[PDB]
Amino acid sequence: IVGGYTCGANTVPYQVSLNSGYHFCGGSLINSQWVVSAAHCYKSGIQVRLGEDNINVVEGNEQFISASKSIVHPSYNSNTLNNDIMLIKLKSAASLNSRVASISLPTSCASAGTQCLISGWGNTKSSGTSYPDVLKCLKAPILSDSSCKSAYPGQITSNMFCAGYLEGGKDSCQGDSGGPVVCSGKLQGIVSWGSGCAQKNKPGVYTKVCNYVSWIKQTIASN
Ligand SMILES: COc1ccccc1-c1cc([C@@H](CC(=O)[O-])C(=O)[O-])cc(-c2nc3cc(C(N)=[NH2+])ccc3[nH]2)c1[O-]
Ligand SMILES: [Ca+2]
(Lines give C-alpha, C1' and ligand atoms only; values in the text may rest on other atoms or scores of the structure.)
(Ligands and ions follow the chains in the order given, each with its own letter.)
Protein backbone atom coordinates (compact mmCIF):
# COMPACT_ATOMS: atom_id res chain seq x y z
CA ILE A 1 0.00 0.00 0.00
CA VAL A 2 1.70 3.26 -1.05
CA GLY A 3 0.65 6.49 0.77
CA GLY A 4 -1.34 4.62 3.44
CA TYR A 5 -1.09 4.50 7.20
CA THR A 6 -0.66 1.88 9.90
CA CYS A 7 -3.99 0.33 10.56
CA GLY A 8 -3.37 -0.60 14.18
CA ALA A 9 -3.20 -4.25 15.26
CA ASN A 10 -6.27 -6.29 14.55
CA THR A 11 -8.41 -3.27 13.44
CA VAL A 12 -9.06 -5.13 10.21
CA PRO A 13 -10.14 -8.58 11.60
CA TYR A 14 -11.13 -10.12 8.22
CA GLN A 15 -7.68 -9.57 6.58
CA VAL A 16 -5.52 -12.68 6.02
CA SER A 17 -1.92 -13.11 4.73
CA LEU A 18 -1.32 -16.02 2.30
CA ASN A 19 2.14 -17.39 3.27
CA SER A 20 4.32 -19.95 1.38
CA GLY A 21 7.41 -19.43 3.55
CA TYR A 22 6.89 -15.62 3.07
CA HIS A 23 3.87 -13.36 2.70
CA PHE A 24 2.88 -13.24 -1.01
CA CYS A 25 -0.82 -12.11 -1.16
CA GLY A 26 -3.71 -10.96 0.98
CA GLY A 27 -7.20 -12.42 1.31
CA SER A 28 -10.52 -11.83 3.12
CA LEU A 29 -12.12 -14.18 5.64
CA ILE A 30 -15.80 -14.61 4.58
CA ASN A 31 -16.87 -17.39 6.97
CA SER A 32 -14.96 -19.48 9.53
CA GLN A 33 -13.69 -21.88 6.87
CA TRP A 34 -13.41 -19.87 3.67
CA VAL A 35 -11.28 -17.00 2.33
CA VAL A 36 -11.67 -15.10 -0.99
CA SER A 37 -8.50 -13.88 -2.67
CA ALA A 38 -7.42 -13.41 -6.30
CA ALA A 39 -6.91 -16.19 -8.82
CA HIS A 40 -3.44 -14.91 -9.78
CA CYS A 41 -2.23 -15.51 -6.23
CA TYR A 42 -2.89 -19.22 -6.65
CA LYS A 43 -0.15 -21.79 -5.92
CA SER A 44 0.06 -24.89 -3.82
CA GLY A 45 1.44 -25.13 -0.36
CA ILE A 46 -0.53 -22.11 0.98
CA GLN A 47 -0.90 -21.47 4.75
CA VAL A 48 -3.47 -18.89 5.74
CA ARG A 49 -2.46 -16.58 8.56
CA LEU A 50 -5.31 -14.91 10.45
CA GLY A 51 -5.17 -12.32 13.24
CA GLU A 52 -1.89 -11.00 11.96
CA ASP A 53 -0.40 -7.54 12.28
CA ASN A 54 3.42 -7.79 12.29
CA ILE A 55 3.95 -10.72 9.81
CA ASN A 56 7.57 -11.42 10.94
CA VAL A 57 6.93 -11.83 14.75
CA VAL A 58 4.32 -14.00 16.62
CA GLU A 59 2.78 -11.48 19.11
CA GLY A 60 -0.35 -13.41 19.89
CA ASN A 61 -3.82 -13.67 18.21
CA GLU A 62 -2.41 -15.31 15.18
CA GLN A 63 -3.98 -18.54 13.85
CA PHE A 64 -2.05 -20.41 11.00
CA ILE A 65 -4.21 -22.95 9.12
CA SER A 66 -3.34 -24.82 5.91
CA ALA A 67 -5.67 -24.52 2.93
CA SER A 68 -7.67 -27.72 2.05
CA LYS A 69 -8.49 -26.66 -1.63
CA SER A 70 -8.12 -23.44 -3.65
CA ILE A 71 -10.92 -22.99 -6.27
CA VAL A 72 -9.80 -20.54 -9.04
CA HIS A 73 -12.81 -19.18 -10.97
CA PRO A 74 -13.29 -21.45 -14.08
CA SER A 75 -13.33 -18.40 -16.42
CA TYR A 76 -10.29 -16.76 -14.90
CA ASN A 77 -8.18 -15.48 -17.87
CA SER A 78 -4.53 -14.90 -16.93
CA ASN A 79 -3.84 -12.55 -19.73
CA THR A 80 -6.61 -10.11 -19.06
CA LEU A 81 -7.12 -10.98 -15.41
CA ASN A 82 -10.85 -11.13 -16.08
CA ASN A 83 -12.50 -13.09 -13.23
CA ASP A 84 -9.51 -12.73 -10.90
CA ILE A 85 -11.12 -14.39 -7.87
CA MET A 86 -10.37 -17.56 -5.89
CA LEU A 87 -11.90 -19.30 -2.86
CA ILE A 88 -9.63 -21.17 -0.42
CA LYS A 89 -11.29 -23.52 2.07
CA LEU A 90 -9.26 -23.89 5.32
CA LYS A 91 -8.30 -27.31 6.72
CA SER A 92 -10.18 -26.50 9.94
CA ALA A 93 -12.30 -23.59 10.94
CA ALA A 94 -10.83 -20.52 12.44
CA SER A 95 -12.05 -19.44 15.85
CA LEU A 96 -13.72 -16.19 15.27
CA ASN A 97 -13.60 -13.41 17.80
CA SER A 98 -12.97 -9.66 17.72
CA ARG A 99 -9.54 -10.02 16.20
CA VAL A 100 -10.58 -12.64 13.65
CA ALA A 101 -13.93 -11.97 12.07
CA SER A 102 -15.53 -12.52 8.63
CA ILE A 103 -16.67 -9.66 6.41
CA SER A 104 -20.08 -9.56 4.60
CA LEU A 105 -20.65 -9.97 0.92
CA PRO A 106 -22.68 -7.19 -0.81
CA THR A 107 -26.31 -7.06 -1.94
CA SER A 108 -25.80 -4.34 -4.50
CA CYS A 109 -22.75 -3.16 -6.27
CA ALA A 110 -21.35 0.18 -4.95
CA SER A 111 -21.46 3.49 -6.83
CA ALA A 112 -18.60 5.68 -7.94
CA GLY A 113 -17.76 8.05 -5.11
CA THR A 114 -18.27 5.37 -2.40
CA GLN A 115 -15.23 5.51 -0.04
CA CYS A 116 -13.65 2.11 0.87
CA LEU A 117 -10.82 0.78 2.98
CA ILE A 118 -8.01 -1.15 1.33
CA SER A 119 -5.34 -2.94 3.37
CA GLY A 120 -2.39 -5.21 2.95
CA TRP A 121 1.28 -5.91 3.59
CA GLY A 122 2.29 -5.14 -0.04
CA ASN A 123 5.00 -2.76 -1.29
CA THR A 124 4.92 0.83 0.10
CA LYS A 125 7.03 2.34 -2.73
CA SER A 126 6.07 3.04 -6.31
CA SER A 127 9.77 2.95 -7.23
CA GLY A 128 11.58 0.03 -5.54
CA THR A 129 10.40 -2.51 -3.03
CA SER A 130 9.79 -1.76 0.64
CA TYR A 131 7.56 -4.35 2.26
CA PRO A 132 6.27 -3.46 5.76
CA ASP A 133 6.08 -5.69 8.80
CA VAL A 134 2.66 -4.39 9.91
CA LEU A 135 -0.60 -3.96 8.06
CA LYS A 136 -1.23 -0.79 6.11
CA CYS A 137 -4.52 0.87 5.34
CA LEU A 138 -5.76 3.26 2.71
CA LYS A 139 -9.12 4.97 2.23
CA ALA A 140 -9.96 5.29 -1.50
CA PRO A 141 -13.06 6.14 -3.55
CA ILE A 142 -14.49 4.02 -6.36
CA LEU A 143 -14.13 5.93 -9.64
CA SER A 144 -16.72 6.31 -12.38
CA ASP A 145 -16.53 3.84 -15.27
CA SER A 146 -15.55 6.52 -17.76
CA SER A 147 -12.58 7.60 -15.71
CA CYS A 148 -11.64 3.90 -15.25
CA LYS A 149 -11.97 3.19 -19.00
CA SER A 150 -10.04 6.35 -19.96
CA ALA A 151 -7.20 5.23 -17.79
CA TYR A 152 -7.17 1.65 -19.17
CA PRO A 153 -8.80 1.73 -22.60
CA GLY A 154 -9.71 -1.78 -23.78
CA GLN A 155 -8.51 -3.41 -20.50
CA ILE A 156 -11.51 -3.04 -18.18
CA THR A 157 -14.26 -5.67 -18.25
CA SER A 158 -17.53 -5.52 -16.43
CA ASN A 159 -16.02 -7.55 -13.63
CA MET A 160 -13.63 -4.85 -12.69
CA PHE A 161 -13.85 -1.36 -11.24
CA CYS A 162 -11.23 1.26 -10.45
CA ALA A 163 -10.66 2.96 -7.10
CA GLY A 164 -7.88 5.29 -6.08
CA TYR A 165 -6.47 8.67 -6.92
CA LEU A 166 -5.65 9.93 -10.40
CA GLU A 167 -3.11 12.29 -8.99
CA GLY A 168 -0.99 9.34 -7.74
CA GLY A 169 0.84 8.85 -4.40
CA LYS A 170 -1.87 6.62 -2.81
CA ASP A 171 -2.69 3.14 -4.17
CA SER A 172 -2.55 -0.56 -3.45
CA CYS A 173 0.57 -2.39 -4.95
CA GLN A 174 2.20 -5.89 -5.44
CA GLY A 175 1.83 -7.99 -2.25
CA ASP A 176 -1.55 -6.45 -1.59
CA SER A 177 -3.11 -8.60 -4.41
CA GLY A 178 -5.91 -10.83 -3.17
CA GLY A 179 -6.86 -8.47 -0.36
CA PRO A 180 -9.99 -6.53 0.53
CA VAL A 181 -11.63 -3.37 -0.64
CA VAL A 182 -14.41 -2.92 2.03
CA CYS A 183 -17.05 -0.23 1.61
CA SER A 184 -19.83 0.41 4.08
CA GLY A 185 -18.92 -2.88 5.77
CA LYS A 186 -19.22 -5.12 2.69
CA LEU A 187 -16.53 -6.78 0.61
CA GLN A 188 -16.93 -4.95 -2.77
CA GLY A 189 -13.49 -5.52 -4.28
CA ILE A 190 -10.38 -7.69 -4.37
CA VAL A 191 -7.01 -6.06 -5.04
CA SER A 192 -6.22 -7.24 -8.52
CA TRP A 193 -3.92 -5.08 -10.79
CA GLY A 194 -2.73 -1.68 -11.94
CA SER A 195 0.05 -0.12 -14.05
CA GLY A 196 2.90 0.41 -11.65
CA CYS A 197 1.81 1.63 -8.27
CA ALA A 198 0.50 5.05 -7.32
CA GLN A 199 1.35 6.46 -10.75
CA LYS A 200 -0.52 9.50 -11.98
CA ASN A 201 -3.62 8.66 -14.02
CA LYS A 202 -3.15 4.86 -13.42
CA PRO A 203 -5.56 3.86 -10.58
CA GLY A 204 -5.94 0.37 -9.04
CA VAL A 205 -8.24 -2.05 -10.74
CA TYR A 206 -10.31 -4.41 -8.54
CA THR A 207 -12.39 -7.57 -9.04
CA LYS A 208 -16.07 -6.52 -8.77
CA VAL A 209 -17.20 -8.94 -6.05
CA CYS A 210 -20.93 -8.06 -6.30
CA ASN A 211 -20.90 -9.94 -9.64
CA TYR A 212 -19.67 -13.16 -8.02
CA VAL A 213 -21.99 -13.37 -5.06
CA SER A 214 -24.23 -16.11 -6.46
CA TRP A 215 -21.09 -18.00 -7.58
CA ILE A 216 -19.38 -17.74 -4.20
CA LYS A 217 -22.52 -18.91 -2.42
CA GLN A 218 -23.17 -21.77 -4.88
CA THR A 219 -19.56 -22.90 -4.93
CA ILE A 220 -19.31 -22.77 -1.12
CA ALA A 221 -22.67 -24.57 -0.90
CA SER A 222 -21.61 -27.40 -3.21
CA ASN A 223 -18.22 -27.90 -1.42
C1 LIG B 1 1.22 -13.25 -11.37
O2 LIG B 1 1.81 -12.25 -10.52
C3 LIG B 1 1.82 -12.37 -9.14
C4 LIG B 1 1.68 -13.64 -8.55
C5 LIG B 1 1.68 -13.79 -7.19
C6 LIG B 1 1.82 -12.70 -6.36
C7 LIG B 1 1.97 -11.42 -6.92
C8 LIG B 1 1.97 -11.22 -8.32
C9 LIG B 1 2.13 -9.92 -8.79
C10 LIG B 1 3.29 -9.67 -9.46
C11 LIG B 1 3.63 -8.42 -9.88
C12 LIG B 1 4.97 -8.19 -10.63
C13 LIG B 1 6.05 -9.42 -10.47
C14 LIG B 1 7.48 -8.99 -9.99
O15 LIG B 1 8.00 -7.99 -10.46
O16 LIG B 1 8.04 -9.69 -9.14
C17 LIG B 1 4.54 -7.95 -12.09
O18 LIG B 1 4.37 -8.91 -12.83
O19 LIG B 1 4.37 -6.77 -12.39
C20 LIG B 1 2.77 -7.36 -9.62
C21 LIG B 1 1.55 -7.53 -8.95
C22 LIG B 1 0.67 -6.43 -8.68
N23 LIG B 1 0.92 -5.19 -9.10
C24 LIG B 1 -0.13 -4.56 -8.60
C25 LIG B 1 -0.39 -3.19 -8.74
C26 LIG B 1 -1.57 -2.66 -8.15
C27 LIG B 1 -1.92 -1.30 -8.26
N28 LIG B 1 -2.96 -0.83 -7.59
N29 LIG B 1 -1.21 -0.50 -9.03
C30 LIG B 1 -2.42 -3.58 -7.45
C31 LIG B 1 -2.11 -4.95 -7.33
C32 LIG B 1 -0.95 -5.38 -7.92
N33 LIG B 1 -0.42 -6.56 -8.00
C34 LIG B 1 1.25 -8.86 -8.54
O35 LIG B 1 0.04 -9.12 -7.91
CA1 LIG C 1 2.84 -11.68 13.77
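One-based numbering, in listed order, for ligands and for the atoms of each. Position 1 is the first residue of the sequence; numbering continues from there.
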One pair to check against side-chain contact (heavy atoms from CB on, under 4.5 Å): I46 and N19. What are the steps and the verdict? CA-CA 6 Å; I46 294 177; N19 179 291; over 6 Å; no

Would you please name every residue forming a side-chain contact (heavy atoms from CB on, under 4.5 Å) with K91, sequence neighbours left out?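 So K91 forms a side-chain contact (heavy atoms from CB on, under 4.5 Å) with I65, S66.
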
Would a single hydrophobic cluster contain both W34 and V181, if residues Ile, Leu, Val, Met, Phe, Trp and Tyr are joined by side-chain heavy-atom contacts under 4.5 Å?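 No.
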
Extract all N/O-N/O pairs under 3.5 Å that connect ligand 1 to the protein, and present each with both atom names and the distance rounded to 0.1 Å.
from, atom 1, to, atom 2, distance (Å)
ligand 1, 16 (O), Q174, NE2, 3.0
ligand 1, 28 (N), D171, OD1, 2.9
ligand 1, 28 (N), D171, OD2, 3.2
ligand 1, 28 (N), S172, O, 3.1
ligand 1, 28 (N), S172, OG, 2.9
ligand 1, 29 (N), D171, OD2, 3.1
ligand 1, 29 (N), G196, O, 2.6
ligand 1, 33 (N), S177, OG, 2.8
ligand 1, 35 (O), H40, NE2, 2.6
ligand 1, 35 (O), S177, OG, 2.4

Transitive ILVMFWY cluster of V2, excluding itself - 4.5 Å side-chain cut-off: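 Grouped by the 4.5 Å side-chain rule, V2 forms a cluster of one, so the answer is none.
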
Short of 3.0 Å from the Ca ion (ligand 2), name each protein N/O/S atom, waters not counted.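 Under 3.0 Å from the Ca ion (ligand 2) - ignoring waters, which are not counted - the protein N, O or S atoms are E52 OE1, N54 O, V57 O, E62 OE2.
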
Would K136 count as a cation-pi partner of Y5, with NZ or CZ less than 6.0 Å from the six-membered ring centre and within 45° of the ring normal? no

Pi-cation contact, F161 with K208 (under 6.0 Å, within 45°): no

Heavy-atom check, side chain of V182 versus side chain of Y14, under 4.5 Å: yes

Mind telling me whether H73 and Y212 have parallel, tilted or perpendicular rings, with 30° and 60° as the class edges? perpendicular

Does the pair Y22 and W121 meet the rule for a ring-ring contact (aromatic ring centres under 6.0 Å, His included), with working shown? CA-CA 11 Å; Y22 51 105; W121 288 275; over 10 Å; no

